[PDB]
Structure formats: C-alpha cells, structure tokens
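Text of upload19.pdb (PDB, C-alpha atoms) as supplied:
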ATOM      1  CA  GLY W   1       8.508  45.029  13.537  1.00  0.00           C
ATOM      2  CA  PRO W   2       9.133  43.957  17.139  1.00  0.00           C
ATOM      3  CA  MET W   3      12.048  45.355  19.185  1.00  0.00           C
ATOM      4  CA  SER W   4      15.118  43.317  20.214  1.00  0.00           C
ATOM      5  CA  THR W   5      15.378  45.142  23.574  1.00  0.00           C
ATOM      6  CA  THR W   6      12.477  42.981  24.827  1.00  0.00           C
ATOM      7  CA  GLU W   7      15.044  40.146  24.993  1.00  0.00           C
ATOM      8  CA  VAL W   8      17.646  41.905  27.181  1.00  0.00           C
ATOM      9  CA  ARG W   9      14.849  43.628  29.140  1.00  0.00           C
ATOM     10  CA  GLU W  10      13.152  40.399  30.294  1.00  0.00           C
ATOM     11  CA  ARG W  11      16.486  38.612  30.871  1.00  0.00           C
ATOM     12  CA  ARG W  12      17.733  41.617  32.886  1.00  0.00           C
ATOM     13  CA  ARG W  13      14.567  41.684  35.040  1.00  0.00           C
ATOM     14  CA  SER W  14      14.797  37.960  35.905  1.00  0.00           C
ATOM     15  CA  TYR W  15      18.047  38.725  37.804  1.00  0.00           C
ATOM     16  CA  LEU W  16      15.710  39.468  40.744  1.00  0.00           C
ATOM     17  CA  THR W  17      12.279  38.188  39.689  1.00  0.00           C
ATOM     18  CA  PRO W  18      11.837  36.647  43.146  1.00  0.00           C
ATOM     19  CA  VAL W  19      12.627  39.516  45.531  1.00  0.00           C
ATOM     20  CA  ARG W  20      11.897  37.111  48.412  1.00  0.00           C
ATOM     21  CA  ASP W  21      15.696  36.671  48.611  1.00  0.00           C
ATOM     22  CA  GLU W  22      16.250  40.418  48.833  1.00  0.00           C
ATOM     23  CA  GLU W  23      13.930  40.572  51.866  1.00  0.00           C
ATOM     24  CA  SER W  24      15.503  37.646  53.764  1.00  0.00           C
ATOM     25  CA  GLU W  25      19.051  38.730  52.830  1.00  0.00           C
ATOM     26  CA  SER W  26      18.419  42.282  54.105  1.00  0.00           C
ATOM     27  CA  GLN W  27      16.726  40.991  57.286  1.00  0.00           C
ATOM     28  CA  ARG W  28      19.447  38.437  58.139  1.00  0.00           C
ATOM     29  CA  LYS W  29      22.140  41.102  57.597  1.00  0.00           C
ATOM     30  CA  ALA W  30      20.423  43.684  59.843  1.00  0.00           C
ATOM     31  CA  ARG W  31      20.174  41.059  62.619  1.00  0.00           C
ATOM     32  CA  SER W  32      23.866  40.066  62.407  1.00  0.00           C
ATOM     33  CA  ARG W  33      25.085  43.675  62.014  1.00  0.00           C
ATOM     34  CA  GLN W  34      23.202  44.942  65.096  1.00  0.00           C
ATOM     35  CA  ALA W  35      23.832  41.699  67.030  1.00  0.00           C
ATOM     36  CA  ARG W  36      27.622  41.659  66.500  1.00  0.00           C
ATOM     37  CA  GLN W  37      27.780  45.436  67.100  1.00  0.00           C
ATOM     38  CA  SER W  38      25.972  45.082  70.456  1.00  0.00           C
ATOM     39  CA  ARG W  39      28.220  42.214  71.623  1.00  0.00           C
ATOM     40  CA  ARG W  40      31.547  43.914  70.792  1.00  0.00           C
ATOM     41  CA  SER W  41      30.120  47.199  72.140  1.00  0.00           C
ATOM     42  CA  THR W  42      29.553  45.944  75.708  1.00  0.00           C
ATOM     43  CA  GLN W  43      33.029  44.366  75.558  1.00  0.00           C
ATOM     44  CA  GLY W  44      35.268  41.914  73.654  1.00  0.00           C
ATOM     45  CA  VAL W  45      33.189  39.046  75.161  1.00  0.00           C
ATOM     46  CA  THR W  46      36.290  36.814  74.743  1.00  0.00           C
ATOM     47  CA  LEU W  47      34.193  34.834  72.225  1.00  0.00           C
ATOM     48  CA  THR W  48      33.324  36.860  69.097  1.00  0.00           C
ATOM     49  CA  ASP W  49      37.003  37.873  68.797  1.00  0.00           C
ATOM     50  CA  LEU W  50      38.002  34.208  68.325  1.00  0.00           C
ATOM     51  CA  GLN W  51      35.760  33.881  65.244  1.00  0.00           C
ATOM     52  CA  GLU W  52      36.855  37.232  63.758  1.00  0.00           C
ATOM     53  CA  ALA W  53      40.539  36.447  64.431  1.00  0.00           C
ATOM     54  CA  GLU W  54      40.167  33.144  62.537  1.00  0.00           C
ATOM     55  CA  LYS W  55      38.365  34.762  59.575  1.00  0.00           C
ATOM     56  CA  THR W  56      40.887  37.625  59.279  1.00  0.00           C
ATOM     57  CA  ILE W  57      43.785  35.113  59.328  1.00  0.00           C
ATOM     58  CA  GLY W  58      47.405  36.346  59.440  1.00  0.00           C
ATOM     59  CA  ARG W  59      49.790  35.656  56.532  1.00  0.00           C
ATOM     60  CA  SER W  60      52.878  37.384  55.078  1.00  0.00           C
TER
END

Once more with this new file: its structure as structure tokens, please.
Amino acid sequence: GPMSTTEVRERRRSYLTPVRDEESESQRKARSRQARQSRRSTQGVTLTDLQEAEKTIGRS
C-alpha cells in the first residue's frame, strides 16, 4: 500500500516551504554584522557601546 513516511516528509518540508524568510533573514544579518563590525572597528563611537552594554546587562 502507500507509505507512512509521506506524512512526516511533507510536514518536515513545510518547516521552510517559503524560503523567502531565509533570504531576508540572511540579508538582514549580513548587513548588521558588517555594519556593527565597521562601526566598532573605527572606534567605540561612544554610541554602539551604550546599546551593547544595556543588552549584556550586569547581574550577580
């Protein structure tokens, strides 16, 4: 008869049926990675450090 794998196969492929998100997610990351790396590279900028310091937070 038919195979049961066809059920987990189609459901497993849907996880990324629309790759459109994989393209925008990879593009937005490459822009922020190279952008933040260029800013901190030239210097601290006294601006990007404020955002990173708030995200890192300091607890005990």

As AutoDock Vina command-line options, what would the box around region 31-41 of chain W look like: edges along x, y and z, 6 Å added on every side, centre and edge lengths in Å to one decimal?
--center_x 25.9 --center_y 43.6 --center_z 67.1 --size_x 23.4 --size_y 19.1 --size_z 22.1

(Q) Would you compute the distance between CA of residue 38 (chain W) and CA of residue 58 (chain W)? Give it in Å to one decimal. (A)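 A separation of 25.6 Å between them.
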
Q) Hey, can you check how far CA of residue 56 (chain W) sits from CA of residue 39 (chain W)? A) 18.3 Å

Q: Grab the CA of residue 57 (chain W) to CA of residue 43 (chain W) distance for me, in Å with one decimal place.
A: 21.6 Å

**Q.** Exercise: region 23-36 of chain W partners within 12 Å, all atoms listed in the file, chain neighbours under 3 positions left out, as number ranges by chain
**A.** W: 16, 18-20, 39-45, 47-49, 51-52
